[PDB]
Chemist: 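Would you mind keeping the following structure in view while I ask a few things?
Reminder, nothing fancy here: chain letters follow the sequence lines and each chain counts from 1. Side chains are part of it too, since the values below use all heavy atoms of this structure and drop only hydrogens, waters and symmetry mates.
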Amino acid sequence: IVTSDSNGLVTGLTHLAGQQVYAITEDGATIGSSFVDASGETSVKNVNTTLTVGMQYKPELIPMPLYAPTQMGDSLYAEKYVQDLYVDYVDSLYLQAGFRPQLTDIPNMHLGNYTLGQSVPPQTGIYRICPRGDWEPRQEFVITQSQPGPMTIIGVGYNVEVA
Amino acid sequence: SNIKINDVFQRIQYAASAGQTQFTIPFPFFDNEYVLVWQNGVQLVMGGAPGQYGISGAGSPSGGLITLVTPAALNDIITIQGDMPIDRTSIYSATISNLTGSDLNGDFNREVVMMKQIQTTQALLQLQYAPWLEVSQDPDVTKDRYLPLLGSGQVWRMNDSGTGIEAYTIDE
Amino acid sequence: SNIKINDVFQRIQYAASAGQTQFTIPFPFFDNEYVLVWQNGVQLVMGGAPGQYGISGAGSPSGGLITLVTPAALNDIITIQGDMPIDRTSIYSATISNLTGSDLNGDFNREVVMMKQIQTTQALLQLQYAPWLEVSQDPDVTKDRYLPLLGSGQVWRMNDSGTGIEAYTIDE
Amino acid sequence: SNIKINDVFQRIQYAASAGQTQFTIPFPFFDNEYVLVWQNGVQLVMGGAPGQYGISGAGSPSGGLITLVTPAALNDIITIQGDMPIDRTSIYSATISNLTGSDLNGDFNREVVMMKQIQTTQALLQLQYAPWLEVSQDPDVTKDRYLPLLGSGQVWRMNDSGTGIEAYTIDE
Amino acid sequence: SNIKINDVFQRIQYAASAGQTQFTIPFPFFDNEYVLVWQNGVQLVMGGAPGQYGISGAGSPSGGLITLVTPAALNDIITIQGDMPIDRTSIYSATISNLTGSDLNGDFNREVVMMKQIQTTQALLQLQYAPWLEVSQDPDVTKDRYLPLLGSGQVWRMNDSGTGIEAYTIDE
Amino acid sequence: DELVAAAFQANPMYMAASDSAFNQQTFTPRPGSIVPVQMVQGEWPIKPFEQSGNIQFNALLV
Amino acid sequence: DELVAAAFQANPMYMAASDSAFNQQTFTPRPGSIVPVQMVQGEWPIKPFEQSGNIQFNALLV
Amino acid sequence: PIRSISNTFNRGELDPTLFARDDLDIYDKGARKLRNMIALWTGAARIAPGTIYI
Amino acid sequence: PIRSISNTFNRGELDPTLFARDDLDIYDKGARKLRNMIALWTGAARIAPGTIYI
Amino acid sequence: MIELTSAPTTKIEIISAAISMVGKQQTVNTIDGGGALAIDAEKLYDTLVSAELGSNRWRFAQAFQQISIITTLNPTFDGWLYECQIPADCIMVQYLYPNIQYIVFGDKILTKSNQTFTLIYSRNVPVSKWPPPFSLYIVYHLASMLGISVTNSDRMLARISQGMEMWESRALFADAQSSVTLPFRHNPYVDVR
Amino acid sequence: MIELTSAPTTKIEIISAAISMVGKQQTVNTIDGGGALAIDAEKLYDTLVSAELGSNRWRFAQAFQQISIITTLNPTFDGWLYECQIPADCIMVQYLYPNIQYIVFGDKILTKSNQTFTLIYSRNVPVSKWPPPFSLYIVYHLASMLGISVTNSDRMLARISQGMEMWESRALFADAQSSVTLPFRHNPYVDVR
Amino acid sequence: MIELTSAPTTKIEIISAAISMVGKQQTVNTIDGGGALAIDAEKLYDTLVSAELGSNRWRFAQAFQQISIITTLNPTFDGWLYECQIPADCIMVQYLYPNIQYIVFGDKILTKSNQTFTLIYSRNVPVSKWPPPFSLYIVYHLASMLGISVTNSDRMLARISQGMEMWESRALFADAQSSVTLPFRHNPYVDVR
């Protein structure tokens, strides 16, 4: 826990010297990243603010291969295409999901019902995405996070064209 | 819902037919005062008296209409130009501003119109070198760019050394 | 558009080496159709036929590439300029919807690039008085700034009264 | 950043009184380095040594103040102009969960000041045809608009055919 | 209708401020079509065209709102009056069925509003003798209360016998 | 009425979504010629203009 | 109008997606000849140019 | 045709040698990768706890 | 097509992280919210007992 | 006094009726928080209405205005002399008065004369100007697009389609039948005389 | 204030509406913010729009340009004498003025004459110049292309395709009816006189 | 200034559009790691395009060149005297100028005369020379082959088939309509006179 001055300068981070760190406000909003120099100082966006500063560890969730048995058989090796991908989340921020390399960010800000300066609380809901993946039976979809924050994934759904 | 900007210049000029009063404003504008009208090089005044004009369509996404009080003569030249102040006096609060899609659309729309008005002047009314000419790529080299003030009976002439443009008296 | 827009002129010009095909684009661009290429004053076309070029690097901060199909001759002049039409690149719903920083970044970055293209033409390809000259600070005083149309064989010459620039027929 | 941007030209010029040191900046500016000061056509340096100046008021909507170290002589010409770079180096995250009023106002105000600087140059320091003149409304018609490079002792002159402006040598 | 009906006249009149658009409806109403609006004696129409109005607040105890599309001029008279047709707004089965207090409230509230509209016209727009005057308490005595139809140029005048009101022609 | 009717009933005319069904400028009326024609435009095919009326009725009263 | 009409109603003409349905340069109009023809191009078959109008009506007024 | 399927994560990360074992009841209850996350005893997967410098 | 389904409340209020667990036999026996009520052992939900001031 | 119509008079009432048709309760004052149905209805309303009024001569949507010759623009083909600006609110060109030679070419109108020309055209008009049959047709058609975009129900699309086509014909008949049918401008076998 | 309704004027409005019409709820305020679906939709948009304007005479997409650089064809065939480059912005050659002999051959126009002529052609135009019926037709057509891979139901895709064909006919009619039909330029039984 | 086309200009952009049509995201600069879809698309592209341009007279794909008599080869049958070499880039022989007696026999052209002959023929041309309608037709046709080779989905093949055949006709019309139809070279009842 640190406090920035009127210029956003933060000192006393010697144990993080040379590292890339993120800053999280007390309201629970991640405001960005910066490098700590060799002397333990870094500059953050918010000035005159109490912040938590630390290093990102990136969560990654790759579900099991698509399993959609049909009347023909198990179809474990059949060509499959995912038309829709449902991400089911609780109390989460900064999510992104899809088929690599082009992922889709999951928004967490309601235009028309947001007051500037406030931190939107961790969000709950279902988001539907067209991943635009290939037709391989072992294709991979990824749920991950763009910047540090709360994250809970309660399930992943699909609409699969099973050829 | 967006306004007509792409390939729509903020200036138009017409050759009137005998007895015409209605002239289209083909570009969007936000306020009546931000539209300039000339007739044969003389700027008109909005009003109801003869020689004045009425205006409608402010806030429309596509444009409006200019209605002359006095019917025009054949081959009168009517020029309509958008001239909006480049400023921003409506701003968001630091504490109690609720961000809306209408707010964002409004702010981007007026900045796009401002930018289009600047580019309209640059494209139709100003001079420039052809983009492929071998001008100096350093803006600090002002040989071909900077102009001097012209005194009476003087033209712009590159000097004999080819180092700058200077005013040059030519007798009449 | 989660890139940063650097302060780089939206125009670059090269003198080709013998057989050169690759030329770097130092400024950002977002679409291939919005980058113009000239070779010795003749605009080229994208494609794979001889005399055409390929382009890569759209959406990148910098470091795009132009690859000529036909290798250039020594001292061929290659000009690369950004030309993106002014337009809205977003729409926002009036009802409660979603917003991302990617949406805002795309809108602001593209408007910054559009402004830079206007200012690149102004700085490198246009004439201006030196900023310190004693021009009239009221734009309604058009003595030094309004030009007339030039007829055949005519130049711009300040009149003998020093009240405005008029077209003047040159003689021997 | 939670300030208004007024409609004020981004350039001011003064004729100094005897011994005057303080000159007002009537236009907003966000950083001291983005202001250029000239005294009798010589660019000054910000500092505390004689022949230099100090500047204050960055970020205020009403502009700031220029304080010369050495008092100016009578009728010294002082020119102050804003010169902010056109770029965008601070961007939002992909999925922001906190968008401050200062950040959003900053992005909109910053582009307004950029456009005002471009428009101030073209309104006060550049040439243009009168808005009502019958210039070709197709920008591809470059007869009156494209200039050639001037060689030594040359002027711009519309050719005998009236099809374009060409460089013409005068040795008088 | 689980609201309460307050004792408020079913008519309100305003003198508009310069450019006013919003006018409050202090009395309850149930349907938008049952509220009449006049401006300077001319009835308006609901809609979004110029010269029309929008209305909100149906089913609310009070605090409805009339929003003019065209802003009113100074001292324009805006009149708002409730006009709901007298009708049965419910139907009950003879067979054993269900009943709720919402059904009863809707019936009695609408019948109270209908009575208030009748009494509002009687109290604000109609003539009557003062309650304490010595009028005949038998309505079959019509001397003071029954009027004749008026012909051209005629007035109501009690006859010389004091037995009834008759039409009287008035000369020069 | 017969003269008005004959202009679009006796003459060979066509109905379509658009008169762009073929190119009038390059139309080549020659024996054996193939005319490029957009034979279907959206929901509607190009067809002869509908015949209507009772020509014999009019030339029985006249 | 009859002369204009006859040029494309009396003459044998065809409608197709393209005039490349057969090769006009190698077309061999001989008894027993087989002409290579793209009988269907995309969705549209090649067909006779559609007859329209009421020729008799025009030559009853004349 | 189109089939609708779902996947929860109460069995954690599964070894790649299990990917043909559709007979087991774990095929829709596991993950190919579960990194810097934990499996709650519901089906959900939560980001792993952070650390505080001492 | 139209499907006819029903739901009882034997398991009370269920945590939101269970809402993808259709494999469990509790999905049609619980409630998203059960506030100021109790679950009888027959599966019905009854309003909670009131209180008497002492 | 005049009795106010109970038919829809604002675009919000058109939208809320379409949302109710596909089964969701909706009030005009809570349209902002209408979720996916309100998001799509608002986005698709303008495109649907403009397309409809821009592809058919609806009498209630007609308008006229003088057109203007644009200086310095000269066509070089087929004898055309002038390029004329189309009105700003024009959504579908119908014809010119007086009927002389003209064509629509690009976004201009080409003429061979510099006399005063008036254009007859379609335009967007507010809902308060719509005939009630046309309003119900728009409600059905918009609901049909809400079925595709939101409900994803083939059953819903089948149920809405019959009503949508029926009210299109009825709205067209109601608009057309009020006035006489105008004659052709060109009648060659009579004009030649 | 005034109730305003207007047609799309930007590429983003077309693409975001098309994504709604394939029944996908993910937010597309910008192509950059729209994820993998938006970029694929933009890629197919570029191919579709030019293909559509390049295969039919839309009045709003017509343009003209004088051709003057006409050079000798040597060696040659069929009696052609000169060739000229088809301009790069020409997307479909329609006809030439005046009525000179010519053929489109490769990427050239071959002629037997050397004089300057005018080319009438089709060109790509921005959304701000599109008629509203055309805009809705493109929305459905683009949705039909995306729906090949992402639409769940065959019946739903057929419904989208039906909407594409319906608005194609209405857009074609609205474009065509504004002007008279031009006559054939070749009339042999009359020209022979 | 010339507006740059947004339609595809390279074979990689054609291929990536076809890959996106069958559902996969694809960038031009990552086409090398495109997996099975990219493997099949690049293998089948050259065969499909060459067969398409080699089976029909497309105006944009036409070319001409003089042919050459080959020494020491004597046809010896039907009165043919010389065997001539077909051009290297020739993909479909169309006709000869001047139109004299000739036949295509084997991979040669047999003639009875030693004058200068010019062959009119089809050839492969780069994508930047393609009309936009033809490009979209190739995208559909290539995507159809990707459905067979990769997706193994009967549903996908059914959905692509309608667009593939529609854009074949539209591309053919757009190519053909720009020029007049040429007359027959042989007219025996007239020539005999």
Chemist: Go through it in stages, so that I can follow the logic: the residues are F:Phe27 and F:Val37, the test is side-chain contact (heavy atoms from CB on, under 4.5 Å), and I'd like the CA-CA distance, side-chain angles, deciding distance and then a yes or no.
Modeler: CA-CA 10 Å; F:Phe27 192 99; F:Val37 175; 6.0 Å; no
Chemist: So which heavy atom on F:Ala21 is nearest to which on F:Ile46, and how close?
Modeler: CB-CD1, 3.9 Å
Chemist: Just to be sure I understand the criterion: a residue of residues 50-62 of chain F counts if one of its heavy atoms is under 4.5 Å from a heavy atom of chain K. Which ones qualify?
Modeler: none
Chemist: Do K:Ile109 and K:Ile103 come within less than 4.5 Å of each other through their side chains, counting heavy atoms only?
Modeler: no
Chemist: For F:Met13, check side-chain contact (heavy atoms from CB on, under 4.5 Å) against everything at least two apart and list the hits.
Modeler: F:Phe8, F:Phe49
Chemist: Which one, K:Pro183, K:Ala174, K:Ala176, leads in non-hydrogen pairs under 4.5 Å with chain F?
Modeler: K:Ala176
Chemist: Quick one: donor-acceptor pairs under 3.5 angstrom, chain F versus chain K?
Modeler:
residue	atom	partner	partner atom	Å
F:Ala17	O	K:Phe173	N	3.3
F:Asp19	OD1	K:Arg57	NH2	2.9
F:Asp19	OD1	K:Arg59	NH2	3.4
F:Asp19	OD2	K:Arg57	NH1	2.9
F:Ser20	OG	K:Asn56	OD1	2.8
F:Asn23	ND2	K:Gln94	O	2.9
F:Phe27	O	K:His186	ND1	3.4
F:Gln38	NE2	K:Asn56	OD1	2.9
F:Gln41	O	K:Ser169	OG	2.9
F:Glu43	N	K:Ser169	OG	2.8

Chemist: Identify the heavy atoms of K:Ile70 and K:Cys84 that sit nearest to each other, and give their distance.
Modeler: CG1-CB, 4.3 Å
Chemist: Taking atom CD1 of K:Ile15 and atom CG of K:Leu142, what is their separation to the nearest 0.5 Å?
Modeler: 6.5 Å
Chemist: If I compare all heavy atoms of K:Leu53 with all of K:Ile91, which pair ends up nearest, and what's the gap?
Modeler: O-CG2, 3.9 Å
Chemist: Taking all heavy atoms of F:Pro36 and all of F:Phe22, pick out the closest pair and write down the distance.
Modeler: O-CB, 3.4 Å
Chemist: Measure across K:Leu119 and K:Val93 and return the closest heavy-atom pair with its distance rounded to 0.1 Å.
Modeler: CD1-CG1, 3.7 Å
Chemist: Could you walk me through whether K:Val127 and K:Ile138 satisfy the side-chain contact (heavy atoms from CB on, under 4.5 Å) test, starting with their C-alpha distance in whole Å, then the side-chain angles of each, then the deciding distance to 0.1 Å, before giving a yes or no?
Modeler: CA-CA 10 Å; K:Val127 181; K:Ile138 295 301; over 6 Å; no
